[PDB]
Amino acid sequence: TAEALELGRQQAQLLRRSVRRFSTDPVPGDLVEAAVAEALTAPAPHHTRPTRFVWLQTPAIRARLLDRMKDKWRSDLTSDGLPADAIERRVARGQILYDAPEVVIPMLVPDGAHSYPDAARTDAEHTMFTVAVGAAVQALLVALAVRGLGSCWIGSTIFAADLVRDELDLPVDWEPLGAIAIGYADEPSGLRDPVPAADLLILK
């Protein structure tokens, strides 16, 4: 029992997978709320609240936002001189945001930011706030897993920040930091068994 509970603690993050395919089972709303409450236990700089989670419950609003992001995405890749074949293969990786039972957009906001007159420290503060939001993202993906819910974070909305703010009527200083698809995994997976860090850990 003691061994099992310690094991469980060391399985929590290993339950976390970047799930591509979801079942059509509905997701109980209270699990998302409770998961988000747990995500916001991630650390943040003193007296700041860098993270906001924006839950796209209205299906028509999600679809309109994604459709516009898709149009930007095709037009960008079309400027790059990509052939139409390779464009649909690229944009089709975003279909998961259309199909997921629920989508949540993590956002940065400057709540508690210091005001510096110089660009260097202004940028540094912004980067610090961004790291904090990413922490909250992992905490969400884990808090969902631990409630049996699959999820996938994708950069997505970072490349369409204006579209996101416009479509959601959000102020200029809310910065989207991707999109989190949520649902019951269509096909369950076994746990992660992490490999050693090897060259990803540098000793000085």
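Residue numbers here begin at 1 and follow the sequence given.
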Name the higher of the two by mean Cα B-factor in the PDB entry, 59 to 67 versus 151 to 159. 59 to 67
Quick one: higher average CA temperature factor, 176 to 184 or 5 to 13? 5 to 13
Residue set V104, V131, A84, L108, per-entry CA B-factor max assigned to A84
Among the chain's modelled residues, which third holds the C-alpha B-factor of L97? middle
Select lowest, middle or highest to describe the third in which the CA B-factor of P43 falls within its chain in this entry. lowest
Rank-wise, by C-alpha B-factor, drop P26 into the lowest, middle or highest third of its chain. highest
Is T127 in the lowest, middle or highest third of its chain when residues are ranked by C-alpha B-factor? lowest
